[PDB]
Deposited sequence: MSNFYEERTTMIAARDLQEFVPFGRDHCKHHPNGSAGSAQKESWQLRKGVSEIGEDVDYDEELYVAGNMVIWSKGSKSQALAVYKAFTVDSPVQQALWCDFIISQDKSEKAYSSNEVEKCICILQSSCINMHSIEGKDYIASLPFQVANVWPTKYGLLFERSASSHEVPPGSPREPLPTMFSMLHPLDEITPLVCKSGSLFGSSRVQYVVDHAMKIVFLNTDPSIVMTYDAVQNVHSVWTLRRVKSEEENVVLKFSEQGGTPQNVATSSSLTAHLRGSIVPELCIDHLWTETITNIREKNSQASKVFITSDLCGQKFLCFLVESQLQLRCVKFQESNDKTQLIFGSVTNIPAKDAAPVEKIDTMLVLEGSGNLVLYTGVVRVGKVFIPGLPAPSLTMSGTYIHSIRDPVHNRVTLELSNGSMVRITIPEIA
């Protein structure tokens, strides 16, 4: 007899609901995009709030609601030309004078809407900032210090390709980079370097080097007073380059933690169907990051589920698999929606997105979208 001796683990997903972005209803009527993040509840309020930032054509819809409450609040913005990009961002108002772990910078939170002609920043407190950039914007990224712009491509004096904006009314300034050697700072001018990820805490940037086909991670910080070299405000400071087969630009990047607190920086390399997960941790003197082993996890797609310290992985086969960091926990089962080897339906999960609390969106192959709950394995 087996005597309860363990062999296989199966995870019960539950609380399945059709998902259609809130903003889809409140817009003109075809390209659309959105992102979800957690909203804030009041102190000791027992409810999970979602925020959605939705974009279609000339409109941006911000909304906040709950899966448990009927009504959501929303704010619509309409501009005159197609929205290139919309994002949440924040600008430092007052720098933290304290070393204590509870202390932080006072900041001004905004919704940033980018058009061809200009950029608009709408603060939560009610200020509309209007600015424009002297060049074409390929992409913009929120950072700990505001916004970071990538310029589209159009003696020897190359124009810098990356620019920070520390306050919506301030002049933008070129980014510099510092890269350590064994045996100095300079302007970012390489067009081969592509940003793929920003994070605020820890304050880092991940880039893909399009000619050497390897990713790098950097500390994003203020320039030091030895800026003897228009003067930069921010700097990217090389931390790590992967040791690695064609290696494409990462399609998705995120941080996850396992059950015992080990963090990983994970980036999905589509061309190899791998999720590369690199351990990292803060220095014990807390001045910078330390990087450990990298693990390749087979994946078509993946999403961190932060509230419960696990990560969902979608395999090439269409199987959903739950991880905690790089340790596989088990297959995830969804009532009504079998894996492909278990159904005659042509319907499979095409992709995974919008993790908030313990819920995640599945994009299904028949066009529709479904939101599910992943239980604590805690």
Checklist entry - Can you list the gaps, in order, where the deposited sequence has no modelled residues? => result 1, 31 to 39, 165 to 172, 202 to 204, 251 to 278, 294 to 297
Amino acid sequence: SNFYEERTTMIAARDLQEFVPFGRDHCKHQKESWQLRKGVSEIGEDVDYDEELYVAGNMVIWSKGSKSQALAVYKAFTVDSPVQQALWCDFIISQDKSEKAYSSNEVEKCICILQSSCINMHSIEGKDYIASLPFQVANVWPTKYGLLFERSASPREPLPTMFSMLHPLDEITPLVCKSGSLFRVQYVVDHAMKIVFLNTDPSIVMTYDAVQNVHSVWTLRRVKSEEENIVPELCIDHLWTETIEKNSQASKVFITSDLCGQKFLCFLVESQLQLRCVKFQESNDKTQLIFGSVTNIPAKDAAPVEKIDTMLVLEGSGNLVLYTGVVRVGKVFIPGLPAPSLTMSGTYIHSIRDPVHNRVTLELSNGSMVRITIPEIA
From here on, numbers count along this sequence of modelled residues.
Checklist entry - Do the CA atoms of 40 to 48 or those of 324 to 332 have the higher mean B-factor in the entry? => result 40 to 48
Checklist outcome for this item: Of 218 to 226 vs 165 to 173, the stretch with the larger average CA B-factor in the entry is 218 to 226
Checklist entry - Looking at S317, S63, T347, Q35, which has the highest Cα B-factor in the entry? => result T347
Checklist outcome for this item: Among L198, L87, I308, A192, highest Cα B-factor in the entry goes to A192
Item to check | Relative C-alpha B-factor of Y187, binned into the chain's lowest, middle or highest third | outcome: highest
Item to check | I374 - which third its CA temperature factor falls in, relative to the rest of the chain | outcome: lowest
Checklist entry - Compared with the other modelled residues in the chain, in which third is the CA B-factor of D25? => result highest
Next on the checklist: When the deposited Cα B-factors of this chain's modelled residues are ordered and cut into thirds, is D301 in the lowest, the middle or the highest one?
Outcome noted: lowest
Item to check | Chain thirds of CA B-factor: placement of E282 | outcome: highest
